[PDB]
Every structure is written in structure tokens, then in C-alpha cells.
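One structure is given here, and the rest of the page talks about it.
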Amino acid sequence: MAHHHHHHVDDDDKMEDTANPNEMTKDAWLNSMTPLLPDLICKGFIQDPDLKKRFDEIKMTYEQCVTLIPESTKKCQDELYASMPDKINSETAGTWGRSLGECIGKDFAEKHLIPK
């Protein structure tokens, strides 16, 4: 901004642009979401005294959870991936994140928490 009447700009906006990831794409979101799920999923069975009942019944441990959860992370990923939009906003993340969580919490349970 130094020319009002005389505009002879053959070049401009050279350094005045940088594409920064405002939010994460559906793929990038999954990538940065999947391995963080095991952390929260196990805690879900620990924080809830209700759920902790079965957690201790099978003598299951935190580490045992996070080695199994990667099975369901990939599972529910492909589930919702088909329904997810191109890019995942912070708000969008929570919506689909809890969706992954509910899937996994069910998958993990029927697998090892259910002795049948």
C-alpha cells in the first residue's frame, strides 16, 4: 500500500501467501485420531465404575487395551470414512471422533470383555 493513483504492479502478492492447514482433511484426521483412540478407550472402561467391573473381571490391563484397540481403530475408520466429508473441522472431529469411540468401545468389549 504505497500507490493510490499510479498502479504499475507487474508483480505483487509474492510472499503474501502461505497455505496453512486450518483444519485436517478426512484422511489426516483419521491419521492423527486413530492411535489416540486406544488411550481414551481404555480409560473409558476405567473411569466408569460400571464398566470397570468387567474390565477387572477379565483381568484386563491398560496396555492390553491399547494393543487391541488398533484393531477397531482401523475398522471404524473405514466405516465412517465413507460417510465423512472431504475435510474435518474441529467441530466435525468431535462428531466423528465419538463415533469411532462408540464403535471401538463395542468392538473391544464383544471381543475380550465378553468371555463368550
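Identifiers for the C-alpha cells are assigned positionally: chains receive A, B, ... in sequence, residues are indexed from 1 per chain, and ligands are indexed from 1 in the order shown.
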Near region 56-70 of chain A, counting only C-alpha atoms, which residues have an atom at most 7 Å away, once you skip same-chain residues fewer than 6 positions from it, shown as a PyMOL selection string?
chain A and resi 35+38-39+42+104+108+113
How would the residues just picked look written out with N, CA and C atoms as a CSV table (one decimal), in the first residue's frame?
chain,number,residue,atom,x,y,z
A,35,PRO,N,-4.6,-43.5,16.5
A,35,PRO,CA,-3.7,-44.0,17.6
A,35,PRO,C,-3.9,-43.3,18.9
A,38,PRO,N,-7.0,-45.5,21.4
A,38,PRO,CA,-6.6,-46.5,22.4
A,38,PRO,C,-6.4,-46.0,23.8
A,39,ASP,N,-5.9,-44.8,23.8
A,39,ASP,CA,-5.6,-44.0,25.1
A,39,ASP,C,-6.9,-43.8,25.8
A,42,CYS,N,-9.5,-47.2,26.6
A,42,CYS,CA,-9.2,-48.0,27.8
A,42,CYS,C,-9.7,-47.2,29.1
A,104,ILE,N,-15.6,-48.7,18.7
A,104,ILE,CA,-14.5,-49.4,19.3
A,104,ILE,C,-14.8,-49.9,20.7
A,108,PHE,N,-14.3,-53.7,21.1
A,108,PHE,CA,-13.3,-54.2,22.1
A,108,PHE,C,-14.0,-55.0,23.2
A,113,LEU,N,-13.8,-58.5,26.4
A,113,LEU,CA,-14.5,-58.3,27.7
A,113,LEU,C,-15.6,-59.3,27.8
If you run DSSP on this backbone, which residues of chain A come out as alpha helix (DSSP H), and could you give them as number ranges by chain?
A: 26-33, 37-47, 49-57, 62-81, 90-108
Mind the document's chain letters and residue numbers, and return as a list in words the residues of region 5-108 of chain A that DSSP labels strand (DSSP E).
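Restricting region 5-108 of chain A to strand (DSSP E) produces residues 24, 25, 87 and 88 of chain A.
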Give me, as a VMD selection string, all polymer residues having an atom no more than 12 Å from residue 22 (chain A), counting only C-alpha atoms and skipping those fewer than 3 positions away in the same chain.
chain A and resid 18 to 19 25 87 to 90
Take the selection from the previous step and output its residues with N, CA, C and O atoms, as a PDB file, in the first residue's frame.
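Output (result_1.pdb):
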ATOM      1  N   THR A  18       0.578 -18.094   2.018  1.00  0.00           N
ATOM      2  CA  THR A  18       1.067 -19.346   2.577  1.00  0.00           C
ATOM      3  C   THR A  18      -0.116 -20.219   2.980  1.00  0.00           C
ATOM      4  O   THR A  18      -0.910 -19.838   3.838  1.00  0.00           O
ATOM      5  N   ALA A  19      -0.249 -21.370   2.340  1.00  0.00           N
ATOM      6  CA  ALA A  19      -1.361 -22.270   2.613  1.00  0.00           C
ATOM      7  C   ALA A  19      -1.101 -23.099   3.864  1.00  0.00           C
ATOM      8  O   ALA A  19      -0.365 -24.086   3.828  1.00  0.00           O
ATOM      9  N   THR A  25      -7.817 -32.774   6.949  1.00  0.00           N
ATOM     10  CA  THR A  25      -8.622 -33.493   5.975  1.00  0.00           C
ATOM     11  C   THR A  25      -9.137 -34.795   6.573  1.00  0.00           C
ATOM     12  O   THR A  25      -8.639 -35.224   7.613  1.00  0.00           O
ATOM     13  N   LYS A  87     -13.134 -32.555   4.322  1.00  0.00           N
ATOM     14  CA  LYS A  87     -12.285 -32.016   5.367  1.00  0.00           C
ATOM     15  C   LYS A  87     -12.995 -32.052   6.711  1.00  0.00           C
ATOM     16  O   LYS A  87     -14.208 -31.852   6.792  1.00  0.00           O
ATOM     17  N   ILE A  88     -12.231 -32.286   7.762  1.00  0.00           N
ATOM     18  CA  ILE A  88     -12.785 -32.413   9.097  1.00  0.00           C
ATOM     19  C   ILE A  88     -12.469 -31.179   9.935  1.00  0.00           C
ATOM     20  O   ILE A  88     -11.320 -30.950  10.316  1.00  0.00           O
ATOM     21  N   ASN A  89     -13.495 -30.386  10.211  1.00  0.00           N
ATOM     22  CA  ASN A  89     -13.356 -29.213  11.069  1.00  0.00           C
ATOM     23  C   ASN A  89     -13.211 -29.656  12.525  1.00  0.00           C
ATOM     24  O   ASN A  89     -13.498 -30.809  12.841  1.00  0.00           O
ATOM     25  N   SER A  90     -12.763 -28.767  13.403  1.00  0.00           N
ATOM     26  CA  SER A  90     -12.609 -29.106  14.815  1.00  0.00           C
ATOM     27  C   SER A  90     -13.925 -29.653  15.383  1.00  0.00           C
ATOM     28  O   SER A  90     -13.932 -30.661  16.092  1.00  0.00           O
TER      29      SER A  90
END
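Summary of the local environment: counting only C-alpha atoms, residues at most 10 Å from residue 114 (chain A), other than itself and those fewer than 2 positions away along its chain, are residues 54, 55, 57, 58, 108, 109, 110, 111, 112 and 116 of chain A.
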Measure the distance from CA of residue 101 (chain A) to CA of residue 37 (chain A) in Å and round it to one decimal.
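Going from CA of residue 101 (chain A) over to CA of residue 37 (chain A), I get 7.0 Å.
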Nearest candidate to residue 85 (chain A) (options A:27, A:102, A:16, A:50; using only C-alpha atoms):
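The closest residue to residue 85 (chain A) is A:27.
Here CA of residue 34 (chain A) stands at a distance of 15.8 Å from CA of residue 106 (chain A).
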Using Å and a single decimal, report how far CA of residue 96 (chain A) sits from CA of residue 84 (chain A).
7.8 Å
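Of the residues under consideration (A:44, A:49, A:94, A:105), A:105 shows the shortest atom-to-atom contact distance to residue 75 (chain A) when counting only C-alpha atoms.
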List as number ranges by chain the protein and nucleic acid residues near residue 103 (chain A), meaning an atom at most 8 Å away when only C-alpha atoms are counted, but skip any in the same chain fewer than 3 places from it.
A: 72, 76, 99-100, 106-107
Could those residues be written to a file, using N, CA and C atoms, as a PDB file, in the first residue's frame?
ATOM      1  N   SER A  72      -9.759 -52.040  16.104  1.00  0.00           N
ATOM      2  CA  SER A  72     -11.055 -51.416  15.892  1.00  0.00           C
ATOM      3  C   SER A  72     -10.894 -50.018  15.304  1.00  0.00           C
ATOM      4  N   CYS A  76     -13.482 -49.020  12.443  1.00  0.00           N
ATOM      5  CA  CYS A  76     -14.457 -47.938  12.456  1.00  0.00           C
ATOM      6  C   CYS A  76     -14.016 -46.812  11.528  1.00  0.00           C
ATOM      7  N   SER A  99     -17.949 -41.124  17.314  1.00  0.00           N
ATOM      8  CA  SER A  99     -18.475 -42.216  16.508  1.00  0.00           C
ATOM      9  C   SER A  99     -17.480 -43.376  16.486  1.00  0.00           C
ATOM     10  N   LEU A 100     -16.208 -43.064  16.258  1.00  0.00           N
ATOM     11  CA  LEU A 100     -15.148 -44.063  16.340  1.00  0.00           C
ATOM     12  C   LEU A 100     -15.139 -44.700  17.723  1.00  0.00           C
ATOM     13  N   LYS A 106     -17.555 -50.894  21.634  1.00  0.00           N
ATOM     14  CA  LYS A 106     -18.416 -52.052  21.446  1.00  0.00           C
ATOM     15  C   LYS A 106     -17.609 -53.230  20.914  1.00  0.00           C
ATOM     16  N   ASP A 107     -16.709 -52.937  19.982  1.00  0.00           N
ATOM     17  CA  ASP A 107     -15.888 -53.963  19.343  1.00  0.00           C
ATOM     18  C   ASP A 107     -14.943 -54.595  20.355  1.00  0.00           C
TER      19      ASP A 107
END
